[PDB]
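Structure at a glance
Spelled out from the first residue to the last, the chains are:
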Amino acid sequence: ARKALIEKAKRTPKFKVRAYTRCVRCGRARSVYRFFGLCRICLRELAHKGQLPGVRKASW
Amino acid sequence: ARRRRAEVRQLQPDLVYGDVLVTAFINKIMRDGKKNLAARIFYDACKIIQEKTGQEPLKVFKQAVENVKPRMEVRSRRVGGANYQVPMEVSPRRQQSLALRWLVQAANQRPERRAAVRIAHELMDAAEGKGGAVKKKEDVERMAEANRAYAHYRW
Amino acid sequence: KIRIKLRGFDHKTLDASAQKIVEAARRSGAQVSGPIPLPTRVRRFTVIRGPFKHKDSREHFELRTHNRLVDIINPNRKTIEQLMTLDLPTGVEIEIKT
Amino acid sequence: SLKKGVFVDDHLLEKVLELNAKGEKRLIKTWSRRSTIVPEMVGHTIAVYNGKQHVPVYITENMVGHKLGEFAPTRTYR
Amino acid sequence: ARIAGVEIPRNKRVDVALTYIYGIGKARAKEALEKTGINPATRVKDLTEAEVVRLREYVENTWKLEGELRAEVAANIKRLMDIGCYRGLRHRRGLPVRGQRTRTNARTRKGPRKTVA
Amino acid sequence: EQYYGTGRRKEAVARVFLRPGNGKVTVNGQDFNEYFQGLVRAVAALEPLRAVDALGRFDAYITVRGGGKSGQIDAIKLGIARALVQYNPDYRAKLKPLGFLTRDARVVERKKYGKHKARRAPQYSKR
Amino acid sequence: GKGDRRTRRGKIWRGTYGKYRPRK
RNA sequence: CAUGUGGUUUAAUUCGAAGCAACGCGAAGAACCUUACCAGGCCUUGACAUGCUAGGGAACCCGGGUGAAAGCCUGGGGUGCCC
RNA sequence: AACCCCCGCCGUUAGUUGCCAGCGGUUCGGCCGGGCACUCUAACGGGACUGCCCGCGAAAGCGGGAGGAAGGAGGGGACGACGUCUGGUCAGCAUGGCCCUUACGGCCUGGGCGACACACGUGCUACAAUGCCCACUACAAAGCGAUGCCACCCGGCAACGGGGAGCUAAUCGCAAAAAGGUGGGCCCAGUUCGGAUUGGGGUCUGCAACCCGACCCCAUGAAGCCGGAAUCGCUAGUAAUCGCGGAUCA
Ligand SMILES: [Mg+2]
Ligand SMILES: [Mg+2]
Ligand SMILES: [Mg+2]
Ligand SMILES: [Mg+2]
Ligand SMILES: [Mg+2]
Ligand SMILES: [Mg+2]
Ligand SMILES: [Mg+2]
Ligand SMILES: [Mg+2]
Ligand SMILES: [Mg+2]
Ligand SMILES: [Mg+2]
Ligand SMILES: [Mg+2]
Ligand SMILES: [Mg+2]
Ligand SMILES: [Mg+2]
Ligand SMILES: [Mg+2]
Ligand SMILES: [Mg+2]
Ligand SMILES: [Mg+2]
Ligand SMILES: [Mg+2]
Ligand SMILES: [Mg+2]
Ligand SMILES: [Mg+2]
Ligand SMILES: [Mg+2]
Ligand SMILES: [Mg+2]
Ligand SMILES: [Mg+2]
Ligand SMILES: [Mg+2]
Ligand SMILES: [Mg+2]
Ligand SMILES: [Mg+2]
Ligand SMILES: [Mg+2]
Ligand SMILES: [Mg+2]
Ligand SMILES: [Mg+2]
Ligand SMILES: [Mg+2]
Ligand SMILES: [Mg+2]
Ligand SMILES: [Mg+2]
Ligand SMILES: [Mg+2]
Ligand SMILES: [Mg+2]
Ligand SMILES: [Mg+2]
Ligand SMILES: [Mg+2]
Ligand SMILES: [Mg+2]
Ligand SMILES: [Mg+2]
Ligand SMILES: [Mg+2]
Ligand SMILES: [Mg+2]
Ligand SMILES: [Mg+2]
Ligand SMILES: [Mg+2]
Ligand SMILES: [Mg+2]
Ligand SMILES: [Mg+2]
Ligand SMILES: [Mg+2]
Ligand SMILES: [Mg+2]
Ligand SMILES: [Mg+2]
Ligand SMILES: [Mg+2]
Ligand SMILES: [Mg+2]
Ligand SMILES: [Mg+2]
Ligand SMILES: [Mg+2]
Ligand SMILES: [Mg+2]
Ligand SMILES: [Mg+2]
Ligand SMILES: [Mg+2]
Ligand SMILES: [Mg+2]
Ligand SMILES: [Mg+2]
Ligand SMILES: [Mg+2]
Ligand SMILES: [Mg+2]
Ligand SMILES: [Mg+2]
Ligand SMILES: [Mg+2]
Ligand SMILES: [Mg+2]
Ligand SMILES: [Mg+2]
Ligand SMILES: [Mg+2]
Ligand SMILES: [Mg+2]
Ligand SMILES: [Mg+2]
Ligand SMILES: [Mg+2]
Ligand SMILES: [Mg+2]
Ligand SMILES: [Mg+2]
Ligand SMILES: [Mg+2]
Ligand SMILES: [Mg+2]
Ligand SMILES: [Mg+2]
Ligand SMILES: [Mg+2]
Ligand SMILES: [Mg+2]
Ligand SMILES: [Mg+2]
Ligand SMILES: [Mg+2]
Ligand SMILES: [Mg+2]
Ligand SMILES: [Mg+2]
Ligand SMILES: [Mg+2]
Ligand SMILES: [Mg+2]
Ligand SMILES: [Mg+2]
Ligand SMILES: [Mg+2]
Ligand SMILES: [Mg+2]
Ligand SMILES: [Mg+2]
Ligand SMILES: [Mg+2]
Ligand SMILES: [Mg+2]
Ligand SMILES: [Mg+2]
Ligand SMILES: [Mg+2]
Ligand SMILES: [Mg+2]
Ligand SMILES: [Mg+2]
Ligand SMILES: [Mg+2]
Ligand SMILES: [Mg+2]
Ligand SMILES: [Mg+2]
Ligand SMILES: [Mg+2]
Ligand SMILES: [Mg+2]
Ligand SMILES: [Mg+2]
Ligand SMILES: [Mg+2]
Ligand SMILES: [Mg+2]
Ligand SMILES: [Mg+2]
Ligand SMILES: [Mg+2]
Ligand SMILES: [Mg+2]
Ligand SMILES: [Zn+2]
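Parameters and conventions
Shown numbers run from 1 along every chain as its sequence is written, which may differ from how the entry numbers residues; residues without coordinates are omitted from display. Whichever chain is written first becomes A and whichever ligand is written first becomes 1, with later ones labelled in order. Each value given relates to the chains shown, not to the larger assembly they are part of. Side-chain numbers come from the whole structure's heavy atoms, not from hydrogens or water. Every helix listed is a DSSP run of H or I at least four residues long, and every strand listed is a run of E at least two residues long, numbered separately from the N terminus. What the globule rule says is 2.2 Å times the number of residues to the power 0.38, and the radius of gyration is computed from C-alpha atoms. Throughout, exposure labels follow a simple rule: accessible area from a 1.4 Å probe, protein chains only, divided by the maximum for the residue type, with under 20% read as buried, over 50% as exposed, and the rest as partly exposed. Between two residues, a contact is recorded if the distance between any of their heavy atoms is within 4.5 Å. Two residue types count as positive, namely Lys and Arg, and two as negative, namely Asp and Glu; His and chain ends fall outside the count. In this description, the location of a charge corresponds to atom NZ of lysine, CZ of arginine, CG of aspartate or CD of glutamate. For two strands to count as paired, DSSP must find a minimum of two bridges between them. Fitted lines through C-alpha atoms give the axes, limited to the stretch in contact for helices. The angle between two N-to-C directions lies from 0 to 180 degrees. Orientation categories follow fixed angle ranges, with anything under 35 degrees roughly parallel, anything over 145 roughly antiparallel, 65 to 115 roughly perpendicular, and all other angles oblique. Should the near helix be turned counterclockwise from the far one by less than a right angle, the crossing is left-handed, whereas a clockwise turn marks it as right-handed. Polar here means any residue other than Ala, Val, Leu, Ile, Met, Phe, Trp, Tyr, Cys and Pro, which are nonpolar, and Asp, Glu, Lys and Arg, which are charged; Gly is therefore polar. In this text, near means that some heavy atom of the residue lies within 4 Å of the molecule or strand in question. Polar contacts, as used here, are pairs of N or O atoms within 3.5 Å; protein pairs need one atom able to donate a hydrogen and one able to accept it. Residues neighboring in sequence count only if both atoms are side-chain atoms.

Per the deposited record, X-ray crystallography is how this structure was determined, to a resolution of 3.400 Å.

Right under this line is the structure:
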């Protein structure tokens, strides 16, 4: 129940309620930043490689 | 304070009497950074000081605070394996801070309803040398002498 | 009459394109309101540094999205033609209004 | 609280409706505990699912404003 | 004065007075005065019986309260009791009706702590 | 002809105009002793004037924004001081040593993570 | 206090407008 | 009173984290979804990737009965690209 | 350590932010004409180097003073060595091996993760006159927002609903900042403190609020009068205290 649920979230057929977020790369359920559609983890992984445009390590 | 020695924080004089002492005393009254309320309660009492006696609240404050200045106290020096309560000097810094603290602490102890009415009475009895704040002073001084024996440990 | 917008993540690309429109628009056209720097927006993202149980110590980045504004008064054909096939930003966004 | 038209699974109603026609039995198994109790239920007996088996909860006229769920306790110690 | 049966709000502001009554609060207080032309600040110790008897027949009729209220409330529970509903069973074991906590707290319906271990 | 100085402190800034006159003080409309009613810090911000030996000799129209009432007050002393020091370099020789300058670097501290308030850590527990 | 659901202070804390607060 | 944890209970009360350095921690969103657990119904070249063999049929689109839904039973229309 | 970001001070560049700062007009509102000095906006620089003076010293450097917005690391963040705990995570993901395979894989309905005779941790609201109630008026920052934030008008005490204007947002909205200031009520009471618990009614999202939501109004006003042994945070714009925003997300 990790793969089928991946096919289930991208499915979005039944009630708009039952649809939900799901990390685009890893496919996590929780911790889903909508802007990227990513999970906290990969979102962090990518930015560290600058693969995410304009995004930089904050510090003020 | 293992390193330096810490700078005794400085303080802007009173926006009225121009007295730094009063500025500090206000802070003790101050609850949760609400400095405005504190000053208010103080000055309200300040006028109440004259409302009762033909004297101005100025020297009433000094006379009072000066009677609550503990000459000597008991510091527990844990040397010789045991903890001896040695009597010794009170730094001029402490005498003030303690007096003011005891002043307000004893003031809050009073029963009367409004807060400024307490700072007034406590301040009066203090200068009169009779207040409950003075009672803590008379104590710490006696507690010091009730152990003058071990005073030969005064560092 | 010419209100150009200039948004872009990298702040450096916006200064090159800012001058790129100042040169052509002014040196061959009417009045041009100097590059007005609009207030930058900021997208801060606080993420749990670890993949597992470890609240705090988390890292956080941000996504500075810039803004810049420039105006012009006259539609001199010299400028409309030049600033149409000579312009070429990169990650910058150019959107003009009347 | 859902005011505009109190919900109640249509198939459940549909079921009791044909029972209101001839006034037949009362045998009935449900799985929509959310379903509101309608005045047409009175005198019936709906076996509701608590999560493990169907509980034959009779339905009088007193029980109405509630749902079928309030009569099929899910915790095995109620 | 003995307003609403035996209940007796006395010697303080009329508005808060009727609050002490079992069926009235800060709400019906302001309103009960604005339905009999009574002054809120006035004391129950000093106020005309024309004004008193006014709230006398007024409140005793305007809405049920006291034991009548304390009785119907009992009835609602006896209903939930004899039905067998979740809301009833919670009243049975005295547990919280709002399905709240249970692993912790919920003391206000369990009473003092039992400990035992 | 006038006098001007820019007061600043804690998310609050203040333009100060010391127009010559009797002593009419007013800021963002309203009156000095009206905007700052009940607030004892009020009489403090006007101190830089009575210090330089000249209260009744300058009107005072001023503006200020951001921060809190007292935050605005801090900038006032800065504006009033800078205004007169602007059109009079001699006050600097005796107002600087008296401390009426410096934007007062004291500013809110950025709340760190893990903490509660950039310093106030969550309560410890070994059990 | 911030628990009196029927006062100004209360609804403020809870972040809800409710009756005891301005609106339309 | 809130939530996390122990324990206990439970058909299940999913798993992890364990002094400091686990316990408002993975959860920055458990009513069905989430869901990894339990009961029941039910599917079983599978809801996902690739490849071969064989029979009918285009892609398509609509409905019917059965049922908690899933799924299962099943009618009609459609009559497309080249040799 | 230093090179980076934020905050401090000064400057250059820029004028749809701001400003009669200057005049005119004025339904006398920065609203229009108009102006960029200034607040602000956001890029680029200036600046602080024990550089100066006194004292000690072999040096490094130390103490004190001066001028300065900022002195010996100005304040804050970013940054966390070889290794240690064979620390945590194969349930983010990847991955050796083992194991399942009409089920250890699949879909759905409903239940559970929200049990409750207890124990602990982290917290929230309190026990009140430096207080609480109400009316009135005043000052932030940072952010977010087109099947989104709602100006405003009508209805309801209300949550909220109907109608409806502006905005791809320094141009419009979330928006009420609260503590404060002013005025009135309160009179030491288990109270006008304190809102737990429960009864009735009601609204919004969602197929669906019984289990298991939120919010609204009336009534119900629990324990609690500052907490045993024990124990935690903080050295300054810090702690204490007041409010706001966002991520998540119907
Ligand atoms: Mg499964
Ligand atoms: Mg959802
Ligand atoms: Mg989730
Ligand atoms: Mg030393
Ligand atoms: Mg010993
Ligand atoms: Mg001292
Ligand atoms: Mg974030
Ligand atoms: Mg509810
Ligand atoms: Mg607990
Ligand atoms: Mg700041
Ligand atoms: Mg933090
Ligand atoms: Mg703070
Ligand atoms: Mg109350
Ligand atoms: Mg209205
Ligand atoms: Mg068991
Ligand atoms: Mg469990
Ligand atoms: Mg458990
Ligand atoms: Mg167990
Ligand atoms: Mg576990
Ligand atoms: Mg199939
Ligand atoms: Mg089949
Ligand atoms: Mg196939
Ligand atoms: Mg079909
Ligand atoms: Mg079948
Ligand atoms: Mg067919
Ligand atoms: Mg056919
Ligand atoms: Mg055919
Ligand atoms: Mg260096
Ligand atoms: Mg500045
Ligand atoms: Mg310069
Ligand atoms: Mg502009
Ligand atoms: Mg005219
Ligand atoms: Mg006109
Ligand atoms: Mg008019
Ligand atoms: Mg006018
Ligand atoms: Mg005029
Ligand atoms: Mg004006
Ligand atoms: Mg203009
Ligand atoms: Mg300029
Ligand atoms: Mg600036
Ligand atoms: Mg340069
Ligand atoms: Mg040197
Ligand atoms: Mg010198
Ligand atoms: Mg020399
Ligand atoms: Mg010297
Ligand atoms: Mg010399
Ligand atoms: Mg020397
Ligand atoms: Mg020396
Ligand atoms: Mg040498
Ligand atoms: Mg020095
Ligand atoms: Mg030094
Ligand atoms: Mg030095
Ligand atoms: Mg430094
Ligand atoms: Mg480290
Ligand atoms: Mg760090
Ligand atoms: Mg090595
Ligand atoms: Mg290890
Ligand atoms: Mg290891
Ligand atoms: Mg190892
Ligand atoms: Mg371990
Ligand atoms: Mg593996
Ligand atoms: Mg990976
Ligand atoms: Mg493998
Ligand atoms: Mg092998
Ligand atoms: Mg296999
Ligand atoms: Mg098989
Ligand atoms: Mg088999
Ligand atoms: Mg399975
Ligand atoms: Mg299910
Ligand atoms: Mg524990
Ligand atoms: Mg604890
Ligand atoms: Mg809490
Ligand atoms: Mg008060
Ligand atoms: Mg107050
Ligand atoms: Mg004000
Ligand atoms: Mg509306
Ligand atoms: Mg109006
Ligand atoms: Mg504008
Ligand atoms: Mg616009
Ligand atoms: Mg505007
Ligand atoms: Mg908002
Ligand atoms: Mg919001
Ligand atoms: Mg506003
Ligand atoms: Mg007030
Ligand atoms: Mg009065
Ligand atoms: Mg009383
Ligand atoms: Mg009590
Ligand atoms: Mg009272
Ligand atoms: Mg109810
Ligand atoms: Mg609704
Ligand atoms: Mg909606
Ligand atoms: Mg809601
Ligand atoms: Mg009792
Ligand atoms: Mg306390
Ligand atoms: Mg200890
Ligand atoms: Mg408080
Ligand atoms: Mg407190
Ligand atoms: Mg939300
Ligand atoms: Mg919606
Ligand atoms: Zn990922």
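Now that the structure has been shown, we can carry on.
Moving on: the overall build of chain D. Of regular secondary structure, chain D possesses one helix and two strands. Reading the secondary structure of chain D in the N-to-C direction produces α-β-β. Scaling as 2.2 N^0.38, a compact globule of 78 residues should have a C-alpha radius of gyration of about 12 Å, and chain D matches this with 12 Å. Reported as C-alpha extents along the three principal axes, the dimensions of chain D are approximately 40 × 30 × 25 Å. When each of the 78 residues of chain D is scored for burial, the buried share is 36%. A separation of at least 24 residues holds for 45% of the contacts in chain D among residues at least 6 apart in sequence. Put simply, chain D has 13 plus and 8 minus side-chain charges, and the middle of one group is 9 Å from the middle of the other.

Our focus in this paragraph is the sheet that holds strand β3 (residues 25–27) of chain F. Residue and element names in this part refer to chain F. On the basis of which strands lie adjacent, the open sheet formed by four strands has the order β1-β2-β4-β3 and mixed pairing. Single-partner strands in this sheet number two, and they are β1 (4–8) and β3. Shown here is a sheet whose adjacent strand axes are inclined to one another by a mean of 20°, direction ignored. Strand direction decides the pairing type here: strand β2 (residues 13–17) and strand β4 (residues 60–65), joined by five bridges, are antiparallel. The residue bridging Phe-17 from the neighbouring strand is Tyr-61, located in β4. Strands in contact with helix α4 (residues 69–86) are β1, β2 and β4; relative to β1, the strand with the most contacts, it is inclined by about 155°.

So, on to the packing of helix α1 (residues 20–29) of chain B against helix α3 (residues 57–67) of chain B. All names here are of chain B. Two elements in contact, α1 and α3, have axes whose closest approach is 11 Å; the angle formed by their N-to-C orientations is 70°. By the angle class used here, α1 and α3 are roughly perpendicular. The hand of the α1/α3 crossing is left-handed. Here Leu-21, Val-22 and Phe-25 of α1 come into contact with α3, specifically with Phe-61, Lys-62 and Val-65. In terms of residue class, the contact of α1 with α3 is built from five nonpolar, no polar and one charged.

Attention now moves to the side chain of D:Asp9. Tracing the chain through its elements places D:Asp9 in the segment before α1 (10–22). Residue classification places D:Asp9 among the buried positions, given a relative accessible area of 18%.

What follows covers the pairing of strand β1 (residues 45–49) of chain D. All names here are of chain D. The pairing of β1 with strand β2 (residues 54–58) spans five bridges and is classified as antiparallel. Counted as the bridge partner of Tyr-49 is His-54 from β2. Counting the residues in the hairpin turn of β1 and β2 gives four residues, including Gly-51, whose phi is positive at 125°.

Residues in close proximity to RNA strand I total 177 residues, the closest being A:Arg18, B:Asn36, E:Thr102, G:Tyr17 and G:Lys24. Within 4 Å of the protein, the contacting atoms of RNA strand I are drawn from sugar and phosphate to the extent of 76%. Here a sugar or linking oxygen of RNA strand I and a side-chain polar atom of E:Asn76 are 3.1 Å apart. For RNA strand I, a phosphate oxygen lies 2.9 Å from a polar atom in the side chain of E:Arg90. Of the residues forming the surface near RNA strand I, the biggest block, nine residues, is contributed by strand β2 (residues 32–41) of chain C. Considering only residue class, the surface near RNA strand I consists of 56 nonpolar, 41 polar and 80 charged.

A few words on the protein's contact with RNA strand H. Neighbouring RNA strand H are 45 residues; A:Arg18, A:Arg28, A:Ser31, C:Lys53 and F:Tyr124 lie closest to it. Considering the 4 Å shell around the protein, atoms of RNA strand H inside it are sugar or phosphate in 58% of instances. A distance of 2.9 Å separates a sugar or linking oxygen of RNA strand H from a polar side-chain atom of A:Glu7. Between a base oxygen of RNA strand H and a main-chain N or O atom of A:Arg18, the distance comes to 2.6 Å. The dominant element in the surface near RNA strand H, judged by the number of residues it contributes, is helix α1 (residues 4–9) of chain A, at four residues. Tallied by class, residues from the surface near RNA strand H come to 15 nonpolar, 13 polar and 17 charged.

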